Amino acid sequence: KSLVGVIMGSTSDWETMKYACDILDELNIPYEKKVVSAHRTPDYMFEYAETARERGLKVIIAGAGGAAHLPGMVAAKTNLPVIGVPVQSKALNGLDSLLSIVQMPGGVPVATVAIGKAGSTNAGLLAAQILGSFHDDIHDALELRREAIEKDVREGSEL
């Protein structure tokens, strides 16, 4: 039973969105991953968003670039938390993606993370933290993961 849905408008977004999925796998959180396009499959996008809650999802992670409407339009159609990953665009380096996603109007939040792969990693982590607010074992796994990275960084600290 998937707890997180990871969606993106194009197969070319996968290069970015795989990082989020890697985190969910590392933390043993069941998820689904789909191509859902705001612009090329708008009706399907509404159906996906609409039914997410009934289907058992708790969080949706959505990636898009350019005029990046997928996270916001999904967010308009569900009251699950929606995390938006700005995919790095070719001309404007994800500045268009970022502003298109983060600047949502009052009433329809999108939890926006960094442009590109760091954000995608962070979307996975943030989905986990959301689950971890009620699942202690996920919270504990997040703490352990962070503690291991801290130790790794600090003990390789000399240059």
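The numbering used is simple: start at 1 and walk along the sequence shown.
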{"item": "Between the two ranges 26 to 34 and 101 to 109, the one averaging a larger CA B factor in the entry", "value": "26 to 34"}
{"item": "Residue stretch of maximal mean CA temperature factor, 91 to 99 vs 48 to 56", "value": "48 to 56"}
{"item": "Cα B factor band for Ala141 (lowest, middle or highest third within the chain)", "value": "highest"}
{"item": "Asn122 - Cα temperature factor, lowest/middle/highest third of chain", "value": "lowest"}
{"item": "Chain third (lowest, middle, highest) by recorded CA B-factor, residue given as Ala20", "value": "lowest"}
{"item": "Chain thirds of CA B-factor: placement of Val153", "value": "highest"}
{"item": "For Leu3, the third of its chain into which the C-alpha B factor falls", "value": "highest"}
